[PDB]
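Okay, here we've got a single chain as structure tokens, the form deposited without the ligand, with questions on binding and movement later.
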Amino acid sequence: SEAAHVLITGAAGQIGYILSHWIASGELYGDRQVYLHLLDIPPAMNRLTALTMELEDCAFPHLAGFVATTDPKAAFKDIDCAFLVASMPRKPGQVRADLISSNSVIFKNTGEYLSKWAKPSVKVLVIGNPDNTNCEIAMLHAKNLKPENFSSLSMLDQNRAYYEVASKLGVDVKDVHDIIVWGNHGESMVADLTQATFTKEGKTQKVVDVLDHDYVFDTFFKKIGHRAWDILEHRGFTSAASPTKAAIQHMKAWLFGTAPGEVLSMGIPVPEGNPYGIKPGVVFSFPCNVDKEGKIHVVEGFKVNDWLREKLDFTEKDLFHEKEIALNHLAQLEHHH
């Protein structure tokens, strides 16, 4: 086989540091070698050089080579997949609308670089926030690519939710099933327990039939919704290993397929045929599986109760609004030129 070419943006940061080593160790592409394209900005290049020196010093058999660069063409040329980690952080005094706006330019440019230089088969995983909207913008501005080339990361939130629920029920994570994170990130994300089941002592029950309503429909989302802040409070920096774990997990599933019974929340361009009443035109987290050919499918058969319907509708509306903000910002910049 020829080595698989993998792009990591923001490569000098903590996520990039861990992700690059994890991929180079063979965890993503199995027996196949990898060639890492490591992109960052000029002020980060000494830290990127340090990363590459550590990669070298692992003597990884799976690592065919790498390029550490500030240059888009070198970073995107003939890539097979991409981890779009880099994004503009929110500035002091900015609100969510301004965060969406500042990122829209970045992700427009990135969509253009992908279209120009990446393989037509590239799988682009958008991680930098606001990820669903960044993903939509990159896709809209990638003229030679298709919706199947893009997704956004919701597995960190799914993983968080599994551990919380398993701990609450006093079981292992393997004994909880069908927790789903739907829709957007941010305030409108839907951490849905209404499908979920668990096995304890040979009895299988629905999570919402056992746990208190006040837990399920208030406390639980608060714990999930604020978890990142709690780590930053203790760590002094945001999470790194946990989003990396989720990122690899998503990409590996996307590349080679999911396991029987496995349901992974993934942000995808909304499929026209979807069975959950979501309108095409945004990137929306759905319960997904992936076939052996690397194609993502929304899992059929989940139930939409009145609570879930309302939550889905609200997060759908939120995504269309974010899209509007991003597109309007881009239009206003163009007008001003």
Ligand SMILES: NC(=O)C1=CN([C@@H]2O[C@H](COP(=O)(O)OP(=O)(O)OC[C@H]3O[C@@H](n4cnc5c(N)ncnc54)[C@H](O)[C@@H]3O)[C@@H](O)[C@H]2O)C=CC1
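Numbers for residues come from their place in the sequence shown, where the first is 1.
Judged by mean Cα B factor in the deposited record, 288-296 ranks above the other of 51-59 and 288-296. As recorded in the PDB entry, 162-170 is the stretch of 183-191 and 162-170 with the greater mean C-alpha temperature factor. The residue among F107, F83, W229, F76 whose C-alpha atom has the highest B-factor in the PDB entry is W229.
Residue-level inspection of the entry shows that, of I278, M45, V34, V282, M45 has the top Cα B-factor. The PDB entry assigns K116 a C-alpha temperature factor belonging to the highest third of its chain's modelled residues.
In the deposited entry, the Cα temperature factor of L7 places it in the lowest third of its chain's modelled residues.
In the deposited entry, the Cα temperature factor of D98 places it in the middle third of its chain's modelled residues. Remark: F150 belongs to the lowest third of its chain, ranked by C-alpha B-factor as recorded. Among the modelled residues of its chain, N134 has a C-alpha B-factor that falls in the lowest third according to the deposited record.
If you look for the form solved in complex with the ligand, you will not find it shown, but the lines that follow are about it.
The binding site of this unliganded chain is open: after the ligand is superimposed from its pose in the deposited complex, not a single one of its atoms comes within 2.4 Å of the backbone or a C-beta atom.
Residue contact with the ligand in the deposited complex: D80 places no heavy atom within 4.5 Å of it. In the deposited complex, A12 approaches the ligand with a heavy atom inside 4.5 Å.
In the deposited complex, the ligand lies within 4.5 Å of some heavy atom of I106. Within 4.5 Å of any heavy atom of the ligand in the deposited complex lies no heavy atom of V263. The candidate spot formed by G183, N274 and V298 lies out of contact with the ligand in the deposited complex, as no residue has a heavy atom within 4.5 Å of it. Here the chain stands alone, but in the deposited complex its contact with the ligand, taken as any heavy atom within 4.5 Å, falls in 124-132 among 138-146, 205-213, 163-171, 124-132. The listed set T219, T238, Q94, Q249 contains one residue whose heavy atoms approach the ligand in the deposited complex to within 4.5 Å, identified as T238.
For the options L193, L156, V176, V190, the one in contact with the ligand in the deposited complex, meaning a heavy atom within 4.5 Å, is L156.
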